[PDB]
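structural data only, the sequence is not supplied:
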């Protein structure tokens, strides 16, 4: 039993050591490359303009190779855990092995972040030397894409570890613990990936300082591209984490603990999307302060606006998906953990609305920094219209999620009353009051849709921004009023019940 | 029981209210757009020529959006009925709920027609201002296409309501009532859609007044296009209505009542195709009186002729399809409701032949208005040849339907005699006389095909129109004589039977 | 019983009457077209050059339409027989009905041949007037293609009648009679189709008289195209006839009678391919005597050579397929009908070899008429090489068929000895002598392949024609010697048996 | 029994005779072609330049035809064996028949090699006459491709014979004998095919002597192409031979004998890949000594380097595949034949490493002959980098195979201990020590991957060749040390066991 845990501990220690040695090998090769570049700095314009691009290309190739080595190390660690699980029938050693393997994959993603940071700081030391700016930006984007690929591979290995633990586990007290531990590890991986992407965006922001109008615009374009792919990694980590929590719930893992795990996952990923908003806003600030035009200025500002639009949409989508998972788990849960899950869903949706509002403040700050820098006016108006439309979309989706939570909680109240052997006429009265809840909820949803339609009509027509802000304030008042009324009606249904 | 009916009544009242409020929102936004256009009328030629097109584009976007809101309201009303059906085991409340929901979907399609009328009257107020004519026609066609999409969505929701009523219903007296009520609602929807399309064609007819020869021809082209898509909606409404009547017949719904429902459906849809013929004829009159050419005149006249050809063909197809459904239901029916169904089929085919003849009179009026306005002669001859061919095609198809009705009635007489335990030699004599009926029917069909072939030969060769009219009179005499003879032979078979 | 036969007789009489009336309608319309053309002959060069082509196009449209009417009549007659078969349990009336329906489809294909002859004689009366030659040839090819389509439709209706007779029949004495009657009808249909194609080729041969070098070459090209599609109809009629004979054999139809039916089918289709060879040779004679060149002369001669190559190949393929069917039926047959089937297969292969040799004489006559008219020499050498290769291919295939017949007869002798309860050691000696037969047969086949390879090597190298004729004489001597030896070895095996 | 063996002996003697006669026919036709060419040599420049190419084309057509005849002979011999197997229940005659048929297919491939040699010597006698060089090279490549197609057809016939013997055989002592005999025959076929390809490469090497720089480069290109397709035939022969050995093992064929058969197969195919390396090196020597340039010289040298890269890769792949087969058969084998199989795998991997090192020496000799002849420097550096990468790849793959062998042997030791009914705690200790073996093996594999990654990083960066040679020496030291340590750990596990 414990001897298998010690053998896996030794193998994971050796894999951590080889990962550290591979990072040192990357640093050595990057140092050699930088020394060659510095030696060539003294010894034509075309010579430098060509060799610096070749050197950044082979340096990104070296980073991609070290990412491949680290991913192979991760797969071998997963295979080691697979060996250990087979070699063990006990639960204590199994849980200890999963904890140790999650720690190791955390350290491995940390080494990968250090390798990415080395590649980007070397690209900076190269731009010091006078290399290209479009080529440097492209090499940086390739670095970030290989890093995001490593993040996805680690997420899949974490999902496979969760699946092995589910398959070779017969208890709930421990299986839900493994669920929450795997979820903590996935949030850690996505935080490290978002940190890598934020560092790469800051590097592009320090690159655009010495670039031509068009070259700076291309740099901003592919910096928003790397932010888009980091967002894709965040969404994929969320989906895999939620798959893991669904598997355990399916296997009987504690209900309230899985609810707390999904809440913590939603919180961590909303913080990740917030830090990506922050990175995009810093990039937009630098672009506006260096782009130096009247047309490409507004073009880069509008492109950052599309990135923030996608950030808002992904915030809303992750909030809706976690609210729906909590709704299913509520459907399965209990008399009182169901109300705890409804309260937790309300918490997650309040957090998502707050972060969507912070994203709107970020986009408004970017559009004001584009106004003060004197950009195109049509582009700025279109960006403001797009943010009004996107904020309305987030209000719509979060309201739909809250209504779905209220419906699921009412259905759980009814399921509890039916299980507790109440009267038939009484249960008919409860099911008709729940039908009332659903009718008024559908009506509220379509009323929200109608008011959103009116706002979008005025927006595409080209209304003033102050006007749309007041109209959106009205829509928010209406949606909050309708949620409060629907909650009051559901509570009166519950009171009629008991 | 009744409480669920009242809850659904309240939800449908609120959905009717939100639909009315959405129509008011559309009117408000259209008023704002029209005021902006009028304010710009006073304040370049390019400025106006561009902004008026942008304004018509965003106004049609507003109409498309209000159609989307109304369709979402329809889906939510269907979901409300789904809730109510589940919440009810009683038949009276179920039937009352279906009646109320059909009334609501009638009012919803009415609101959609009002929204379409607003969009078209606004496009007219815009052409008053001097916008484009091709762009105005394209915006009008987009409006009509979104309206036809709403009509199809309502038809599918009606079919889903009929299917829910079929699934949650255990009786024939009431289930056939719901069948005929859903069919009345589908005829109402298709009448409203045809009215929207006729109004849009009249709007295009009032547009072509101030358009260039080619611009007027493009306007006429896409007005016939909107008539084609309204015809497609009529055919789809027929197919869905017939699917609904087949489902109930399958479930045991009264036979003679389903026959009366299919007869009324055929009658209403033939009136719809008649009003579309009328709209196409008015459009052709206006085009000929404004196109002002010798080549594009005949081109627009020939295009209206192709539209009338398609109208004739769809009249014939709907008549054949309803005659075939009545033939199947006859196959299932009875001793005497079978003869009632044969009489009703004769009525439907007489009505279809009368409306095909009225369509031929419409096309002849259009070709005479093209002759008097001095158009191309080859195009007019080709149009007359196409109408002779299409009228012959309708005669062929309606005759095939009548023969199929006679065959089905004879088969029902034989099935009745076999069920009533008659002799074996006697039943053999009856089945051989029915084989006689079928032999002479096949011969009659191929004789009609041969005479039609001779007419088409003379037509493609380029015969005179008076000549083809006399030859078509001869073909009609022959087909009526053969139908009378086949009916007499079948009646003599029935007399030999009893 | 007999009353159903009389009712079908009446329906078929009426369908024959309507077919005759449709032929009269075609003659009337063609007469009207020819009168219009003659009236225009007196009343520009472009006027005539355009209107004559339009008139031939609409005349071929009239022919295609009359073919459609005749095919619909055929389908209705099949449906009448279907009614009659259902209406009858007796065998005598069923057989009489099938005989009458085959007679009717014979008369229908005869009317179709008369219609084709009318269309082609009208195209001739038009070329008298001075129409195009390429357009006239294209209209003639379209006429022949519609006629071949009618021939295929009739073949499929004959196959369907054979299948109905098989399905509704319980005896062998009569079922094999119906098999041989359907086969006679299919041979009649393919003879009529080949006659239509030969008449069309003769019409093209009388057209090329007044055509330009290139126009005459195009006429010859598409005349060989119509011969190719008539060959396709012959092959398809063979395949459908053989499918019919296989079905009956499967159903227990007399074995020796099915063998005689396949022999007669092979004989008739070999005569059909012979008459197509004759038509191609007449076309080549006319082309060579009118093409009047040194390059296009040899081009048309080489194209006729490719047509004759395809004729040889299809002769060989039909012979092989019928020999294989007889081999299967032998496998099923008997002690002595098996030897009768082996003798009949020898007869069919002798007939196929004789007709392949006649095809070679036809191609040699064509190449001599191209030599005497002074054509290109490379093309003539390539044509002679292609005929040597094709004659060698036919020798190979027919020898393979004869060897397959000998193998099947030996296998039947062994099956008979095993069924008749002979000794085990004795049956082992017989099966090893049959293995000897198969070994030496495989060796003979590959020796034939090797000698054919040597001839083809010398041919592609460009050997003299007299030389290849002597080498082919040697290959024929070798194949006949090996067949005689293999037959002697099989007969000695049979003698060792008994 | 024996009589069937004698009948098959007679048929195979006749097929050998016809093959010999076909070779004589090819020689006769080639002699005639060469005489025509010599006669034309005396009797324009364009005349010769065209007719010599036409003559080489038709000569390669003659060779392709003789290959087709020989393949048909092979198929007929397979069919003869199929007859004989059916005709025999005894094992002695069956084995004698398979031995005789393998001898015959050996003689047939020998005749095919003689035909290929005749075609190539005739192409040489033609280049004596002054034909093209690109066309001669293309004709030679077509000859070699048809020869490789014949080699593949023979390999498939050998696999089919092995499958027939497996299907109609009930014993292991004899079935494993047939397995090893079929494997010897497949090694013989692949040796003959490699000899044909080496002769063709030598012919191209004697062709490039009188070719233009670009023409010589094209000749070298397609000579390496024929070497590539001969390598493909070697790999396919290996795969089919291994399929055959797997089938017998599946059927119960002796285990240790199948291991010896796979070892001998691997040895023979490694010798084949060695002789292909030798042919490529001779071709590169001739090219460098005749190409006479500074750019195309290095281009041809780099192309030979890619061919040697593919040779190294295929050596490694065949070694890995045979080691994996021996690992499976070990998994099935025994207590001591398992250690014999581990020793044999060590032998095969030592042989594969030695031949990969010889391939590296060949490529280094080619690059030194390109350095001394003064070629491009970038191309030579890229070739040296490619060989360092390929040698590292072969080290990686062979080490993976050796580790897989050690894992399989440990698993067999554990399976033996579990079968021999040892204690449960004892078996748990053994399975945890085997888990130790697997952990340290995974760590060793990823350490090898990391060091290989560092070498490839330095290589793509453009390190010096002496430097990479020392780094590769270090990687080899590390891999040998890790294999020795893993073997010592496994042996200590086995000692703890017993």
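Now that the structure is in, tell me what you want to look at. Residues are numbered from 1 along each chain as shown, chains lettered A, B, ... in the order given.

middle-most residue in chain A, spatially?
In chain A, the residue lying closest to the centroid (Cα atoms, centre = their mean) is residue A:234, at 3.0 Å.

next, count neighbours for the closest residue in space to residue A:36 that isn't next to it in sequence.
Nearest residue to residue A:36 in three dimensions, chain neighbours excluded: residue A:55, at 7.0 Å (Cβ to Cβ, 6 or more residues apart in numbering or on different chains). C-beta: built from backbone N, CA, C; applies to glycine. Residues within reach of residue A:55, counting by other Cβ atoms under 10 Å in any protein chain shown, total 22.

list, one by one, the residues from the stretch 51-200 of chain A near chain D.
A:58, A:61-62, A:65-66, A:68-69, A:72-73, A:76, A:79-80, A:83-84, A:87 (Cβ under 8 Å from any Cβ of the partner chain).

can you select the buried ones from those in ChimeraX?
Buried members of those can be picked out in ChimeraX with the line below, counting by 16 or more other Cβ atoms under 10 Å in any protein chain shown:
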select /A:58,61,62,65,66,68,69,72,73,76,80,83,84,87
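
the residues of the stretch 51-200 of chain A next to chain D in helices, which ones?
Judged by DSSP state H, those include A:58, A:61-62, A:65-66, A:68-69, A:72-73, A:76, A:79-80, A:83-84 as members of helices.

make TSV out of the residues you listed and add distance to residue D:396.
Putting those into TSV (distance: Cβ to Cβ, whole Å) gives the following:
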residue	distance to residue D:396
A:58	21
A:61	19
A:62	19
A:65	14
A:66	17
A:68	13
A:69	13
A:72	12
A:73	16
A:76	15
A:79	18
A:80	20
A:83	22
A:84	26
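
which two from those end up farthest apart in space?
A:58 and A:84 (39.1 Å; Cβ to Cβ).

how many residues are close by the closest residue to residue A:292 other than its chain neighbours?
Leaving out its chain neighbours, the residue that sits closest to residue A:292 by Cβ to Cβ, 6+ apart is residue A:213, at 6.4 Å. As a burial measure, residue A:213 scores 15 neighbours (other Cβ under 10 Å).

where's residue A:213 relative to residue A:135, distance?
17 Å (Cβ to Cβ, to the nearest Å).

same check, this time on residue A:212
Taking Cβ to Cβ, one finds residue A:212 at 13 Å from residue A:135.

so residue A:165 touches residue A:94, yeah?
Yes - at 6.9 Å, residue A:165 counts as touching residue A:94 under the criterion of Cβ atoms under 8 Å.

which one's more surrounded, those two?
Remark: of residue A:165 and residue A:94, residue A:165 carries more neighbours, 27 against 23, as counted by other Cβ under 10 Å.

quick one: residues contacting the residue lying closest to that one once chain neighbours are set aside.
Among residues not flanking residue A:165 along the chain, residue A:178 sits closest, at 4.6 Å (Cβ to Cβ, 6+ apart). Contact partners of residue A:178, counting by Cβ atoms under 8 Å, 6 or more residues apart in numbering or on different chains, are A:95, A:98, A:162, A:165-166, A:169, A:248.

so residue A:306 is in which element?
Residue A:306 is part of helix A:296-332, with elements assigned from DSSP states H and E.

let me fix that: residue A:239
helix A:213-250.

after that helix, which helix or strand is next? Please name it.
helix A:255-291.

helix A:213-250 and that following helix, what's the angle between them?
180 degrees (axes from the mean of the first three to the mean of the last three Cα atoms, to 10 degrees).

roughly how far is helix A:255-291 from the heart of the chain?
Taking Cα atoms, centre = their mean, to the nearest Å, one finds helix A:255-291 lying 7 Å from the centre of the chain it belongs to.

mind giving me the packing neighbours of that helix?
For helix A:255-291, the elements it packs on are helix A:172-207, helix A:213-250, helix A:296-332, helix A:337-372, judged by 3 or more Cβ pairs under 8 Å, 6 or more residues apart in numbering or on different chains; DSSP states H and E.
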